[PDB]
Amino acid sequence: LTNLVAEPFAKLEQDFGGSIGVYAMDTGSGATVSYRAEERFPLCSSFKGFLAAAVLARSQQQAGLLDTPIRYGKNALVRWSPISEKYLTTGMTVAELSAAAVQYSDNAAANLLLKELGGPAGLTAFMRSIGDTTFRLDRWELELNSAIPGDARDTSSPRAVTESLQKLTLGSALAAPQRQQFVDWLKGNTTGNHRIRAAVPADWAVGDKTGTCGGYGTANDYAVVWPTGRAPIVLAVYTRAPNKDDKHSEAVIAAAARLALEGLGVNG
Ligand SMILES: *C(=O)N1C[C@H](NOS(=O)(=O)O)CC[C@H]1C(=O)NC1CCNCC1
């Protein structure tokens, strides 16, 4: 049921000047679209969705966790901390940091939550616990964005991203209340309007998390999409490119998402 219908991903990535990796799963039939799906690509900010899921998993055993107030200093506010910079003088709860990390890609929030989990290895351990043997987080914000060709640090594959996203949003890896909270955070993302969402009809529900490393044409998005009248679709689109100064493209990600939906025979 993989690649029943071929799609022109090679031409797409050639025009982009790099590599595109796609995995998309129709959760009704199990049909998939797959292109470079087992190659590694940098996560960039996209690890933050899985980070929030890991925090939610912890919260299943710690009923006070989400409402715990976290204080932080000015040193925590690295580049791109749009929410947490507004609450420097007050603190934020763990849930608020989680929402900020997911929905605004907030970097300080992500580092504070990583600390709660025992760092990159702690998040990696959570991913292992749900059966993801591919994912690895190695570094913190901002160092994890280096996106060096061939470097496996801070990478996963489109396939493992999709598989893990499915388990967490639709499967049983989270308890039901936490599952819905994760979905709701993804649905409220603000940074993805020009990526997978651009390929998804406005009358379908969709949650996503983006990433943009800032070098080597490296950027990404993953999403869970609920078309009306049929089962949900899970998909991941990752890019990279050979040269440090190669620029990412949001349009290329949207285009790849369109091809994936077309390959699944989902009318969009
Ligand atoms: C994540 O990859 N980020 C955080 C933020 N938005 O995330 S995104 O997925 O919407 O792109 C901005 C870019 C990126 C990030 O952390 N970039 C670093 C800081 C800015 N200098 C380049 C590396």
# chains A, B, ... in the order shown; residues from 1 in each chain; ligands from 1
$ closest_atom_pairs --of "chain A" --to "ligand 1" --cutoff "6 Å" --atoms "only C-alpha atoms and all ligand atoms" --output "tab-separated table"
residue	atom	partner	partner_atom_place_in_ligand_line	distance
A:44	CA	ligand 1	2 (O)	4.3
A:45	CA	ligand 1	2 (O)	3.2
A:79	CA	ligand 1	19 (C)	5.2
A:80	CA	ligand 1	5 (C)	5.6
A:105	CA	ligand 1	7 (O)	4.5
A:142	CA	ligand 1	18 (C)	5.7
A:145	CA	ligand 1	23 (C)	5.6
A:191	CA	ligand 1	10 (O)	4.8
A:210	CA	ligand 1	9 (O)	3.8
A:211	CA	ligand 1	9 (O)	3.2
A:212	CA	ligand 1	2 (O)	3.9
A:213	CA	ligand 1	2 (O)	5.0
A:214	CA	ligand 1	22 (C)	4.7
$ select_by_dssp --residues "segment 16-221 of chain A" --states "helix (DSSP H, G or I)" --output "number ranges by chain"
A: 16, 44-59, 74-76, 84-87, 94-103, 107-117, 119-129, 143-145, 158-169, 176-187, 196-199
$ closest_atom_pairs --of "segment 89-149 of chain A" --to "segment 239-245 of chain A" --cutoff "12 Å" --atoms "only C-alpha atoms" --output "tab-separated table"
residue	atom	partner	partner_atom	distance
A:145	CA	A:244	CA	12.0
A:146	CA	A:244	CA	9.4
A:147	CA	A:240	CA	8.2
A:148	CA	A:244	CA	8.1
A:149	CA	A:242	CA	6.9
$ closest_residue --among "A:176, A:5, A:83, A:76" --to "residue 263 of chain A" --atoms "only C-alpha atoms"
A:5
$ closest_residue --among "A:162, A:267, A:90, A:169" --to "residue 186 of chain A" --atoms "only C-alpha atoms"
A:169
$ residues_around --residues "residue 96 of chain A" --least-positions-apart "3" --cutoff "9 Å" --atoms "only C-alpha atoms" --output "ChimeraX atom specification"
/A:66-67,92-93,99-101,109
$ closest_residue --among "A:56, A:23, A:151, A:161" --to "residue 116 of chain A" --atoms "only C-alpha atoms"
A:56
$ residues_around --residues "residue 82 of chain A" --least-positions-apart "3" --cutoff "8 Å" --atoms "only C-alpha atoms" --output "list in words"
residues 85, 86, 104 and 106 of chain A
$ write_last_selection --atoms "C-alpha atoms" --output "mmCIF file, in the first residue's frame"
data_model
loop_
_atom_site.group_PDB
_atom_site.id
_atom_site.type_symbol
_atom_site.label_atom_id
_atom_site.label_comp_id
_atom_site.auth_asym_id
_atom_site.auth_seq_id
_atom_site.Cartn_x
_atom_site.Cartn_y
_atom_site.Cartn_z
ATOM 1 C CA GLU A 85 10.045 37.390 27.005
ATOM 2 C CA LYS A 86 6.641 38.957 27.921
ATOM 3 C CA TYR A 104 5.055 30.142 18.862
ATOM 4 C CA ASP A 106 9.473 29.743 21.752
#
$ residues_around --residues "segment 226-228 of chain A" --least-positions-apart "4" --cutoff "9 Å" --atoms "only C-alpha atoms" --output "list in words"
residues 200, 201, 203, 204, 205, 206, 232, 233, 234, 266 and 268 of chain A
$ write_last_selection --atoms "C-alpha atoms" --output "PDB file, in the first residue's frame"
ATOM      1  CA  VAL A 200      -5.109  21.497   3.517  1.00  0.00           C
ATOM      2  CA  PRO A 201      -8.664  22.749   2.777  1.00  0.00           C
ATOM      3  CA  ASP A 203     -12.838  23.203   6.319  1.00  0.00           C
ATOM      4  CA  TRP A 204     -10.576  20.383   7.599  1.00  0.00           C
ATOM      5  CA  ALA A 205      -9.062  20.349  11.092  1.00  0.00           C
ATOM      6  CA  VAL A 206      -5.279  20.312  11.291  1.00  0.00           C
ATOM      7  CA  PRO A 232      -7.200  11.215   9.657  1.00  0.00           C
ATOM      8  CA  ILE A 233      -3.946  11.590   7.751  1.00  0.00           C
ATOM      9  CA  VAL A 234      -0.562  11.972   9.454  1.00  0.00           C
ATOM     10  CA  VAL A 266      -7.440  12.357  -0.672  1.00  0.00           C
ATOM     11  CA  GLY A 268      -8.344  18.334  -1.366  1.00  0.00           C
TER      12      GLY A 268
END
